[PDB]
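Chemist: This is the structure I want to talk about, given as structure tokens.
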Amino acid sequence: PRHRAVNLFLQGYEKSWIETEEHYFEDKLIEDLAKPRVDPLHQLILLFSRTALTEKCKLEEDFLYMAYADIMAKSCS
Amino acid sequence: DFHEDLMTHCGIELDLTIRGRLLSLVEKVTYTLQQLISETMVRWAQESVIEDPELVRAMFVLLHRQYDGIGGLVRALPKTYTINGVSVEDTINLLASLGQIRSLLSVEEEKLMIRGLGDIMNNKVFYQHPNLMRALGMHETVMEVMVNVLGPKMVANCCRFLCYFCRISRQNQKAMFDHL
């Protein structure tokens, strides 16, 4: 069928060629937030810190954190 | 074999001049707005050390989405779906039905649901396209209703639905497996 084949091509093209390692921007980003008072990168950090200190008793998924952690994790004869 | 034959097509130009149209397409998918959307967040965050933490949270969502305009597009793709031009009219009233239940989620609450879900029981595109329903996530939407109820007749109509959700395919059944 055609609409079914275009359907499963989308998830197939999603699972193949969109998982790109072109994402080397992180180094350039974390450089870029480290510019001039408090810097933005410290503002980003403190954002998460004060979030965490709230007695939620169960932390949420918080995809904001999940993103910038991974940026900062990719921040590193 | 159908997803695997798609996966064989997926690893085509990974390593036919049909593969050549693909490689041209991916470079096009890649990418002045990305600059300024980036920049204005850096404009704001520098000069004006920012309280109202809701703002700061709002900023970096746009910052990350703009830098990662691929992963932004990643999360969009399992939800996206292609329908034939024929059965578009059932889908319009489906989303209109589903948009009612997304609206009724934040709540007579019993009554409008059953009319709403019973509409979804009877749509032509609930059978023919089960993969659209799981992309809608609407099972969870319905589920969250009976989450919200179960702390009465409203329940079983969800349960009639969620059973009826399971039949239509197997990966559609997988979703409900996680809430056993």
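Ligands are numbered from 1 in the order shown, residues from 1 within each chain, and chains are lettered A, B, ... in the order they appear in the structure tokens.
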Which residues, written as an MDAnalysis selection string, have at least one atom at most 12 Å from residue 2 in chain A, with only C-alpha atoms counted and residues fewer than 2 positions away on the same chain left out?

Modeler: (chainID A and resid 4:9) or (chainID B and resid 82:85)

Chemist: Save out the residues we just selected, C-alpha atoms, as an mmCIF file, in the first residue's frame.

Modeler:
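Saved result, again-v4.cif, follows:
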data_model
loop_
_atom_site.group_PDB
_atom_site.id
_atom_site.type_symbol
_atom_site.label_atom_id
_atom_site.label_comp_id
_atom_site.auth_asym_id
_atom_site.auth_seq_id
_atom_site.Cartn_x
_atom_site.Cartn_y
_atom_site.Cartn_z
ATOM 1 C CA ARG A 4 1.423 2.750 4.631
ATOM 2 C CA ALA A 5 4.820 2.621 2.879
ATOM 3 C CA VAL A 6 5.329 6.364 3.170
ATOM 4 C CA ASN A 7 4.409 5.972 6.829
ATOM 5 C CA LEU A 8 7.003 3.341 7.626
ATOM 6 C CA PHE A 9 9.570 5.137 5.555
ATOM 7 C CA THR B 82 0.923 10.390 6.233
ATOM 8 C CA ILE B 83 -2.767 9.714 5.443
ATOM 9 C CA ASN B 84 -4.199 9.072 2.025
ATOM 10 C CA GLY B 85 -6.202 11.923 0.492
#

Chemist: What residues in chain A have any atom no more than 10 Å from chain B when counting only C-alpha atoms, and can you write them as a PyMOL selection string?

Modeler: chain A and resi 2-20+22-23+25-26+29+32-44+46-48+50-51+63-65+67-68+71

Chemist: What's the 10 Å shell around range 104-119 of chain B, counting only C-alpha atoms, without same-chain residues fewer than 3 positions away, as a VMD selection string?

Modeler: chain B and resid 93 to 94 96 to 101 122 to 123 141 to 142 144 to 145 148 to 149 152 to 158 160 to 161

Chemist: Tell me, in Å to one decimal, how far CA of residue 66 in chain A is from CA of residue 30 in chain A.

Modeler: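 Taking CA of residue 66 in chain A and CA of residue 30 in chain A, their separation equals 15.5 Å.
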
Chemist: Name the residues of range 78-177 of chain B that fall into helix (DSSP H, G or I) according to DSSP on the backbone, using the chain letters and numbers of this document, as a PyMOL selection string.

Modeler: chain B and resi 88-104+109-121+130-136+138-149+153-166+171-177

Chemist: How about saving the chosen residues, C-alpha atoms kept, as a short mmCIF file (atom, residue, chain, number, x, y, z; two decimals), in the first residue's frame?

Modeler:
data_model
loop_
_atom_site.label_atom_id
_atom_site.label_comp_id
_atom_site.auth_asym_id
_atom_site.auth_seq_id
_atom_site.Cartn_x
_atom_site.Cartn_y
_atom_site.Cartn_z
CA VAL B 88 -8.94 12.84 5.42
CA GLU B 89 -12.52 13.66 6.44
CA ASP B 90 -12.71 11.03 9.10
CA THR B 91 -9.44 12.36 10.53
CA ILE B 92 -10.69 15.90 10.80
CA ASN B 93 -13.63 14.88 12.91
CA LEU B 94 -11.33 12.54 14.79
CA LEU B 95 -9.08 15.24 15.93
CA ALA B 96 -12.13 17.33 16.62
CA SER B 97 -13.29 14.42 18.77
CA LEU B 98 -9.91 14.04 20.30
CA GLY B 99 -9.51 17.73 20.81
CA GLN B 100 -12.65 17.61 22.88
CA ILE B 101 -11.18 14.97 25.11
CA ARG B 102 -7.92 16.79 25.45
CA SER B 103 -10.05 19.70 26.48
CA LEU B 104 -12.12 17.61 28.83
CA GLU B 109 -17.33 15.64 32.86
CA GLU B 110 -18.53 12.11 32.53
CA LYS B 111 -21.14 12.81 29.89
CA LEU B 112 -19.30 14.55 27.20
CA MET B 113 -16.60 11.93 27.27
CA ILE B 114 -18.68 9.00 26.46
CA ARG B 115 -20.12 10.89 23.49
CA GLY B 116 -16.59 11.77 22.63
CA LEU B 117 -15.06 8.36 23.03
CA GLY B 118 -17.97 6.69 21.36
CA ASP B 119 -17.22 8.82 18.35
CA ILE B 120 -13.69 7.47 18.40
CA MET B 121 -15.07 3.96 18.75
CA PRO B 130 -3.53 2.08 14.22
CA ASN B 131 -0.13 3.57 13.98
CA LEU B 132 -1.71 7.01 13.87
CA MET B 133 -3.51 6.38 17.15
CA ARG B 134 -0.37 5.38 18.98
CA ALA B 135 1.35 8.47 17.48
CA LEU B 136 -1.54 10.44 18.95
CA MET B 138 -4.42 9.13 22.95
CA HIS B 139 -4.58 5.91 24.74
CA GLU B 140 -2.63 7.51 27.45
CA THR B 141 -4.91 10.42 27.26
CA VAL B 142 -7.79 8.16 27.83
CA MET B 143 -5.80 6.33 30.41
CA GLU B 144 -5.05 9.44 32.30
CA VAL B 145 -8.73 10.04 32.57
CA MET B 146 -9.28 6.79 34.37
CA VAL B 147 -6.24 7.63 36.34
CA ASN B 148 -8.00 10.80 37.26
CA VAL B 149 -11.19 8.94 38.09
CA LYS B 153 -19.86 4.63 34.52
CA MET B 154 -17.33 6.85 32.90
CA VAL B 155 -14.67 4.35 33.70
CA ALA B 156 -15.91 1.41 31.80
CA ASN B 157 -16.32 3.39 28.61
CA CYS B 158 -12.67 4.15 28.84
CA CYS B 159 -12.08 0.55 29.56
CA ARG B 160 -14.23 -0.44 26.58
CA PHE B 161 -12.02 1.85 24.65
CA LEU B 162 -8.75 0.72 25.92
CA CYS B 163 -9.56 -2.83 25.22
CA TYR B 164 -10.62 -1.79 21.76
CA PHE B 165 -7.34 -0.03 21.46
CA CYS B 166 -5.48 -3.25 21.98
CA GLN B 171 2.75 -2.59 18.64
CA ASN B 172 -0.42 -0.77 19.50
CA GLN B 173 -0.74 -3.38 22.16
CA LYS B 174 2.74 -2.76 23.38
CA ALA B 175 1.80 0.55 24.69
CA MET B 176 -0.72 -0.78 27.00
CA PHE B 177 1.64 -3.44 28.20
#
